[PDB]
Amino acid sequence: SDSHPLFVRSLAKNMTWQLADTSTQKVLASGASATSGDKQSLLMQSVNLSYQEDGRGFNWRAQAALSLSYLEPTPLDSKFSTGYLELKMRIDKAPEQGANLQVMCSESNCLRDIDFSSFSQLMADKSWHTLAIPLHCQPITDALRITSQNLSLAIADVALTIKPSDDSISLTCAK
């Protein structure tokens, strides 16, 4: 009742993964694995967290954006106006030249824009962590977008929530 799943073991109905490299082909992926348009810049595989294939691993080898995206622009439910995007993430290879985590993006337009440097130390054990991202410090297209040139991580259990799980780490707003 607290939450709206976006990717909890499988994509919620109106959702896709989007793998967007520097090529002229953008890939909308709804299964266990995918490649970006150039077949190399951004790859998705399944990984196992709590069940077989409940996570997705993503490997960046060149400039590319991964999004978890709505099939059509969807206004943020007012239920979540002071809520959180929650997800589990494991960063197995930190980005040498950095990465951007954007949350709840419209056409022009993200609710949060977080550099990986801002939470890199808490992720540096290369273990899974539950991250709670407060949405506030118009129709939404990308629930999340991660952009980098070189990076390896995995994501699971992505949901909008009004209250962060107990063992969550809040990516609070920069001062």
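All residue numbers are counted from 1 along the displayed sequence.
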_Between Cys137 and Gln138, what class does the number of missing deposited residues fall in: none, 1 to 3, 4 to 9, or 10 or more?_
4 to 9
_Entry-level comparison of average CA B-factors, 71-79 and 89-97, reporting the higher stretch_ = 71-79
*Pick between 108-116 and 127-135: the one whose mean CA B-factor in the entry is higher.*
108-116
*Compare the CA B factors listed in the entry for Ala20, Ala156, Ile162, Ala159 and report the winner.*
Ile162
*Among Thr35, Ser46, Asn59, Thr141, single out the one with the highest C-alpha B factor in the record, please.*
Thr141
*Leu171, C-alpha B-factor rank within chain (lowest, middle or highest third)*: middle
